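Shown next: structure06.cif, given as mmCIF, C-alpha atoms.
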data_data
#
loop_
_atom_site.group_PDB
_atom_site.id
_atom_site.type_symbol
_atom_site.label_atom_id
_atom_site.label_comp_id
_atom_site.auth_asym_id
_atom_site.auth_seq_id
_atom_site.Cartn_x
_atom_site.Cartn_y
_atom_site.Cartn_z
ATOM 1 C CA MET Y 20 17.187 7.718 -0.302
ATOM 2 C CA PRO Y 21 19.011 10.040 2.139
ATOM 3 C CA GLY Y 22 22.460 8.747 1.212
ATOM 4 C CA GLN Y 23 22.126 5.896 3.687
ATOM 5 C CA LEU Y 24 19.197 3.571 4.302
ATOM 6 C CA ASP Y 25 18.176 1.665 7.428
ATOM 7 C CA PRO Y 26 17.713 -2.017 6.434
ATOM 8 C CA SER Y 27 14.956 -2.580 8.964
ATOM 9 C CA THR Y 28 12.866 0.328 7.696
ATOM 10 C CA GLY Y 29 10.903 0.371 4.489
ATOM 11 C CA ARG Y 30 10.261 3.324 2.212
ATOM 12 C CA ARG Y 31 7.212 5.452 1.468
ATOM 13 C CA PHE Y 32 6.189 3.167 -1.433
ATOM 14 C CA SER Y 33 6.114 5.567 -4.398
ATOM 15 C CA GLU Y 34 6.092 9.304 -5.124
ATOM 16 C CA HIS Y 35 2.727 8.971 -6.826
ATOM 17 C CA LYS Y 36 -0.249 6.836 -5.899
ATOM 18 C CA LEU Y 37 -2.932 5.619 -8.253
ATOM 19 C CA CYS Y 38 -6.392 5.913 -6.804
ATOM 20 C CA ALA Y 39 -9.946 5.048 -7.838
ATOM 21 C CA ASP Y 40 -10.625 8.695 -7.198
ATOM 22 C CA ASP Y 41 -8.436 11.811 -7.177
ATOM 23 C CA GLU Y 42 -8.901 12.093 -3.389
ATOM 24 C CA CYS Y 43 -8.315 8.359 -2.968
ATOM 25 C CA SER Y 44 -11.397 8.094 -0.766
ATOM 26 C CA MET Y 45 -13.004 5.471 -2.997
ATOM 27 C CA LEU Y 46 -12.092 1.801 -3.188
ATOM 28 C CA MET Y 47 -10.420 0.506 -6.319
ATOM 29 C CA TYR Y 48 -10.475 -3.220 -5.816
ATOM 30 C CA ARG Y 49 -11.212 -5.656 -3.069
ATOM 31 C CA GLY Y 50 -8.654 -8.346 -2.477
ATOM 32 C CA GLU Y 51 -7.644 -11.355 -0.484
ATOM 33 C CA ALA Y 52 -4.177 -12.218 0.703
ATOM 34 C CA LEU Y 53 -2.882 -15.412 -0.874
ATOM 35 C CA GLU Y 54 0.324 -15.241 0.997
ATOM 36 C CA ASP Y 55 1.349 -15.148 4.635
ATOM 37 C CA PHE Y 56 2.976 -11.886 5.679
ATOM 38 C CA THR Y 57 3.722 -9.422 8.461
ATOM 39 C CA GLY Y 58 4.051 -5.657 8.489
ATOM 40 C CA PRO Y 59 6.534 -4.780 11.279
ATOM 41 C CA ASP Y 60 7.440 -1.692 9.316
ATOM 42 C CA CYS Y 61 4.770 0.275 11.203
ATOM 43 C CA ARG Y 62 2.656 1.205 8.169
ATOM 44 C CA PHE Y 63 3.018 -1.935 6.180
ATOM 45 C CA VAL Y 64 -0.107 -4.035 6.019
ATOM 46 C CA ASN Y 65 -0.124 -7.341 7.860
ATOM 47 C CA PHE Y 66 -2.064 -10.219 6.417
ATOM 48 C CA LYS Y 67 -1.715 -13.859 5.489
ATOM 49 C CA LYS Y 68 -3.181 -16.333 3.018
ATOM 50 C CA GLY Y 69 -6.935 -16.219 3.526
ATOM 51 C CA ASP Y 70 -7.054 -12.669 4.902
ATOM 52 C CA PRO Y 71 -9.580 -10.347 3.169
ATOM 53 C CA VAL Y 72 -8.099 -6.984 2.199
ATOM 54 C CA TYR Y 73 -9.504 -3.745 0.814
ATOM 55 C CA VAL Y 74 -7.425 -1.743 -1.633
ATOM 56 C CA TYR Y 75 -8.030 2.021 -1.474
ATOM 57 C CA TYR Y 76 -5.189 2.918 -3.802
ATOM 58 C CA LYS Y 77 -2.040 1.540 -5.385
ATOM 59 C CA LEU Y 78 1.406 2.626 -6.591
ATOM 60 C CA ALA Y 79 1.811 4.397 -9.927
ATOM 61 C CA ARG Y 80 3.666 1.617 -11.739
ATOM 62 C CA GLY Y 81 6.249 0.105 -9.427
ATOM 63 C CA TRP Y 82 8.090 -3.155 -8.930
ATOM 64 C CA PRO Y 83 7.827 -5.008 -6.737
ATOM 65 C CA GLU Y 84 4.139 -4.369 -7.382
ATOM 66 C CA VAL Y 85 2.831 -2.797 -4.216
ATOM 67 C CA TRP Y 86 -0.643 -1.699 -3.206
ATOM 68 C CA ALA Y 87 -2.237 -0.114 -0.147
ATOM 69 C CA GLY Y 88 -5.357 -0.691 1.896
ATOM 70 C CA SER Y 89 -6.769 -1.937 5.178
ATOM 71 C CA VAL Y 90 -6.687 -5.453 6.622
ATOM 72 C CA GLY Y 91 -7.963 -6.340 10.076
ATOM 73 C CA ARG Y 92 -6.372 -3.697 12.277
ATOM 74 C CA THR Y 93 -3.554 -2.829 9.897
ATOM 75 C CA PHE Y 94 -3.700 -0.211 7.195
ATOM 76 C CA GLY Y 95 -0.925 0.990 4.938
ATOM 77 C CA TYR Y 96 1.209 -0.338 2.104
ATOM 78 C CA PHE Y 97 1.936 -3.940 1.093
ATOM 79 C CA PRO Y 98 3.022 -6.101 -1.880
ATOM 80 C CA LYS Y 99 0.192 -6.463 -4.369
ATOM 81 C CA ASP Y 100 2.081 -9.609 -5.334
ATOM 82 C CA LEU Y 101 1.063 -11.030 -1.959
ATOM 83 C CA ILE Y 102 -2.670 -10.666 -2.563
ATOM 84 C CA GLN Y 103 -5.224 -11.398 -5.236
ATOM 85 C CA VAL Y 104 -7.959 -9.078 -6.452
ATOM 86 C CA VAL Y 105 -11.150 -10.749 -5.304
ATOM 87 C CA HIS Y 106 -13.265 -8.119 -7.006
ATOM 88 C CA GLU Y 107 -12.979 -4.566 -8.274
ATOM 89 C CA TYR Y 108 -15.151 -1.472 -8.088
ATOM 90 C CA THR Y 109 -13.426 0.368 -10.888
ATOM 91 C CA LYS Y 110 -10.659 0.063 -13.476
ATOM 92 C CA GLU Y 111 -9.939 3.735 -12.844
ATOM 93 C CA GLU Y 112 -6.402 4.824 -12.075
ATOM 94 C CA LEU Y 113 -6.117 8.460 -11.082
ATOM 95 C CA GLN Y 114 -2.602 9.598 -10.341
ATOM 96 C CA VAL Y 115 -2.521 11.369 -7.013
ATOM 97 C CA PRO Y 116 0.870 12.515 -5.644
ATOM 98 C CA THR Y 117 2.065 11.315 -2.268
ATOM 99 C CA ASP Y 118 3.177 13.632 0.512
ATOM 100 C CA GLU Y 119 6.459 12.970 2.258
ATOM 101 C CA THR Y 120 4.633 12.702 5.552
ATOM 102 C CA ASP Y 121 1.487 11.223 3.968
ATOM 103 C CA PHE Y 122 2.433 7.868 5.492
ATOM 104 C CA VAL Y 123 5.032 8.336 8.214
ATOM 105 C CA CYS Y 124 5.710 6.940 11.669
ATOM 106 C CA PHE Y 125 6.413 9.155 14.655
ATOM 107 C CA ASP Y 126 8.491 8.120 17.689
ATOM 108 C CA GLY Y 127 10.907 5.518 16.382
ATOM 109 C CA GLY Y 128 10.363 6.153 12.697
ATOM 110 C CA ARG Y 129 12.727 7.098 9.881
ATOM 111 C CA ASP Y 130 11.849 10.536 8.560
ATOM 112 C CA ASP Y 131 14.773 10.112 6.195
#

Produce structure tokens that represent the structure in this file.
Amino acid sequence: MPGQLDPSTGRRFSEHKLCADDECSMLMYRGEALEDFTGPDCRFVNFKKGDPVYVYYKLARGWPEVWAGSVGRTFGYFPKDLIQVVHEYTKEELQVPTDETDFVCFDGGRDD
């Protein structure tokens, strides 16, 4: 929060991300989207009800509950609330910190 906030731009989810592995290279769960949705926020994940998702990592305790993964041609962050775990590889939750530019958008993206 840089004093002001652009309504049309989302935030970098959370300061810490929970991963199935400390390098977040291993899948945690596999999910399916039980809700229609769009990710115009550049790094949001687009999906809709009936869209299979993969969840690489998730937020370290945050509401609205938000997760991250890849769906179709979109990969990034999205509301966990908008999907359902269709299966999981691990119950492991390693707390890896997020970089400020870990998930950013160049040319037409809020760095603030």

- Task: Can you work out which one of Y:31, Y:109, Y:76, Y:61 has the shortest atom-to-atom distance to residue Y:127, counting all atoms listed in the file?
- Result: Y:61

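Proximity to residue Y:81 was assessed for Y:60, Y:34, Y:40, Y:107 counting only C-alpha atoms; the smallest distance is recorded for Y:34.
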
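This file gives the following result for the PyMOL selection byres ((chain Y and resi 96-98) around 8): residues 32, 58, 62, 63, 64, 65, 83, 84, 85, 86, 87, 88, 94, 95, 99, 100, 101 and 102 of chain Y.
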
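Running the PyMOL selection byres ((chain Y and resi 111) around 8) on this file leaves residues 38, 39, 40, 47, 109, 110, 112 and 113 of chain Y selected.
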
- Item | Contacts of residue Y:22 within 10 Å, all atoms listed in the file, excl. fewer than 2 positions in-chain, as a list in words | residues 20, 24 and 131 of chain Y

Taking the block just given, write stretch 84-107 of chain Y to a file that holds N, CA, C and O atoms, as a PDB file, in the first residue's frame.
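Done, and the output landed in out06.pdb:
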ATOM      1  N   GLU Y  84      -9.233 -16.108   0.946  1.00  0.00           N
ATOM      2  CA  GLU Y  84      -8.334 -17.221   0.670  1.00  0.00           C
ATOM      3  C   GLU Y  84      -7.948 -17.246  -0.802  1.00  0.00           C
ATOM      4  O   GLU Y  84      -8.788 -17.387  -1.694  1.00  0.00           O
ATOM      5  N   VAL Y  85      -6.669 -17.089  -1.033  1.00  0.00           N
ATOM      6  CA  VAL Y  85      -6.122 -16.995  -2.373  1.00  0.00           C
ATOM      7  C   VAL Y  85      -4.977 -17.977  -2.560  1.00  0.00           C
ATOM      8  O   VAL Y  85      -4.158 -18.183  -1.663  1.00  0.00           O
ATOM      9  N   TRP Y  86      -4.949 -18.577  -3.731  1.00  0.00           N
ATOM     10  CA  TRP Y  86      -3.942 -19.564  -4.090  1.00  0.00           C
ATOM     11  C   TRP Y  86      -3.286 -19.161  -5.404  1.00  0.00           C
ATOM     12  O   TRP Y  86      -3.663 -18.150  -5.999  1.00  0.00           O
ATOM     13  N   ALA Y  87      -2.307 -19.930  -5.853  1.00  0.00           N
ATOM     14  CA  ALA Y  87      -1.643 -19.632  -7.110  1.00  0.00           C
ATOM     15  C   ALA Y  87      -1.293 -20.903  -7.871  1.00  0.00           C
ATOM     16  O   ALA Y  87      -0.998 -21.942  -7.276  1.00  0.00           O
ATOM     17  N   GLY Y  88      -1.326 -20.811  -9.190  1.00  0.00           N
ATOM     18  CA  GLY Y  88      -1.049 -21.961 -10.019  1.00  0.00           C
ATOM     19  C   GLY Y  88      -1.183 -21.648 -11.491  1.00  0.00           C
ATOM     20  O   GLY Y  88      -1.147 -20.480 -11.885  1.00  0.00           O
ATOM     21  N   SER Y  89      -1.342 -22.681 -12.306  1.00  0.00           N
ATOM     22  CA  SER Y  89      -1.469 -22.497 -13.742  1.00  0.00           C
ATOM     23  C   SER Y  89      -2.766 -23.113 -14.255  1.00  0.00           C
ATOM     24  O   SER Y  89      -3.158 -24.206 -13.838  1.00  0.00           O
ATOM     25  N   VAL Y  90      -3.435 -22.385 -15.141  1.00  0.00           N
ATOM     26  CA  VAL Y  90      -4.679 -22.834 -15.750  1.00  0.00           C
ATOM     27  C   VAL Y  90      -4.711 -22.422 -17.214  1.00  0.00           C
ATOM     28  O   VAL Y  90      -4.687 -21.228 -17.519  1.00  0.00           O
ATOM     29  N   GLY Y  91      -4.755 -23.398 -18.108  1.00  0.00           N
ATOM     30  CA  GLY Y  91      -4.781 -23.101 -19.527  1.00  0.00           C
ATOM     31  C   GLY Y  91      -3.532 -22.379 -19.983  1.00  0.00           C
ATOM     32  O   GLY Y  91      -2.465 -22.979 -20.089  1.00  0.00           O
ATOM     33  N   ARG Y  92      -3.658 -21.085 -20.243  1.00  0.00           N
ATOM     34  CA  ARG Y  92      -2.515 -20.275 -20.643  1.00  0.00           C
ATOM     35  C   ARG Y  92      -2.237 -19.181 -19.618  1.00  0.00           C
ATOM     36  O   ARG Y  92      -1.406 -18.297 -19.838  1.00  0.00           O
ATOM     37  N   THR Y  93      -2.932 -19.247 -18.495  1.00  0.00           N
ATOM     38  CA  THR Y  93      -2.778 -18.258 -17.446  1.00  0.00           C
ATOM     39  C   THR Y  93      -2.182 -18.862 -16.188  1.00  0.00           C
ATOM     40  O   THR Y  93      -2.603 -19.921 -15.731  1.00  0.00           O
ATOM     41  N   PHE Y  94      -1.191 -18.184 -15.650  1.00  0.00           N
ATOM     42  CA  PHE Y  94      -0.532 -18.612 -14.444  1.00  0.00           C
ATOM     43  C   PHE Y  94      -0.291 -17.418 -13.529  1.00  0.00           C
ATOM     44  O   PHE Y  94       0.146 -16.357 -13.979  1.00  0.00           O
ATOM     45  N   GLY Y  95      -0.604 -17.585 -12.261  1.00  0.00           N
ATOM     46  CA  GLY Y  95      -0.454 -16.511 -11.311  1.00  0.00           C
ATOM     47  C   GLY Y  95      -1.270 -16.757 -10.065  1.00  0.00           C
ATOM     48  O   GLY Y  95      -1.382 -17.895  -9.618  1.00  0.00           O
ATOM     49  N   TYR Y  96      -1.879 -15.704  -9.535  1.00  0.00           N
ATOM     50  CA  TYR Y  96      -2.644 -15.814  -8.300  1.00  0.00           C
ATOM     51  C   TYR Y  96      -4.141 -15.763  -8.579  1.00  0.00           C
ATOM     52  O   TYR Y  96      -4.561 -15.239  -9.604  1.00  0.00           O
ATOM     53  N   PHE Y  97      -4.934 -16.335  -7.678  1.00  0.00           N
ATOM     54  CA  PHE Y  97      -6.385 -16.379  -7.837  1.00  0.00           C
ATOM     55  C   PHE Y  97      -7.046 -16.795  -6.527  1.00  0.00           C
ATOM     56  O   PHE Y  97      -6.397 -17.376  -5.663  1.00  0.00           O
ATOM     57  N   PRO Y  98      -8.345 -16.513  -6.355  1.00  0.00           N
ATOM     58  CA  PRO Y  98      -9.070 -16.892  -5.149  1.00  0.00           C
ATOM     59  C   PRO Y  98      -9.261 -18.397  -5.047  1.00  0.00           C
ATOM     60  O   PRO Y  98      -9.927 -19.010  -5.881  1.00  0.00           O
ATOM     61  N   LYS Y  99      -8.655 -18.975  -4.020  1.00  0.00           N
ATOM     62  CA  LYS Y  99      -8.833 -20.370  -3.675  1.00  0.00           C
ATOM     63  C   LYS Y  99     -10.315 -20.682  -3.533  1.00  0.00           C
ATOM     64  O   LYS Y  99     -10.788 -21.747  -3.926  1.00  0.00           O
ATOM     65  N   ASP Y 100     -11.022 -19.722  -2.959  1.00  0.00           N
ATOM     66  CA  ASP Y 100     -12.481 -19.746  -2.839  1.00  0.00           C
ATOM     67  C   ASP Y 100     -13.189 -20.060  -4.159  1.00  0.00           C
ATOM     68  O   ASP Y 100     -14.312 -20.567  -4.162  1.00  0.00           O
ATOM     69  N   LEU Y 101     -12.539 -19.778  -5.274  1.00  0.00           N
ATOM     70  CA  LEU Y 101     -13.174 -19.936  -6.572  1.00  0.00           C
ATOM     71  C   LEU Y 101     -12.828 -21.273  -7.215  1.00  0.00           C
ATOM     72  O   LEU Y 101     -13.269 -21.568  -8.327  1.00  0.00           O
ATOM     73  N   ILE Y 102     -12.056 -22.093  -6.512  1.00  0.00           N
ATOM     74  CA  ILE Y 102     -11.782 -23.447  -6.983  1.00  0.00           C
ATOM     75  C   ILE Y 102     -12.023 -24.468  -5.883  1.00  0.00           C
ATOM     76  O   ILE Y 102     -12.324 -24.118  -4.742  1.00  0.00           O
ATOM     77  N   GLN Y 103     -11.899 -25.729  -6.249  1.00  0.00           N
ATOM     78  CA  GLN Y 103     -11.997 -26.826  -5.329  1.00  0.00           C
ATOM     79  C   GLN Y 103     -10.832 -27.782  -5.562  1.00  0.00           C
ATOM     80  O   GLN Y 103     -10.541 -28.153  -6.700  1.00  0.00           O
ATOM     81  N   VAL Y 104     -10.154 -28.140  -4.483  1.00  0.00           N
ATOM     82  CA  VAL Y 104      -9.110 -29.136  -4.509  1.00  0.00           C
ATOM     83  C   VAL Y 104      -9.654 -30.456  -5.044  1.00  0.00           C
ATOM     84  O   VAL Y 104     -10.539 -31.067  -4.449  1.00  0.00           O
ATOM     85  N   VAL Y 105      -9.127 -30.893  -6.161  1.00  0.00           N
ATOM     86  CA  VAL Y 105      -9.627 -32.093  -6.807  1.00  0.00           C
ATOM     87  C   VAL Y 105      -8.769 -33.269  -6.395  1.00  0.00           C
ATOM     88  O   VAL Y 105      -9.129 -34.433  -6.583  1.00  0.00           O
ATOM     89  N   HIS Y 106      -7.632 -32.930  -5.816  1.00  0.00           N
ATOM     90  CA  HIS Y 106      -6.680 -33.917  -5.297  1.00  0.00           C
ATOM     91  C   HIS Y 106      -5.478 -33.188  -4.730  1.00  0.00           C
ATOM     92  O   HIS Y 106      -5.243 -32.039  -5.084  1.00  0.00           O
ATOM     93  N   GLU Y 107      -4.725 -33.816  -3.843  1.00  0.00           N
ATOM     94  CA  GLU Y 107      -3.526 -33.178  -3.343  1.00  0.00           C
ATOM     95  C   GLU Y 107      -2.340 -34.129  -3.294  1.00  0.00           C
ATOM     96  O   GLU Y 107      -2.486 -35.333  -3.073  1.00  0.00           O
TER      97      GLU Y 107
END
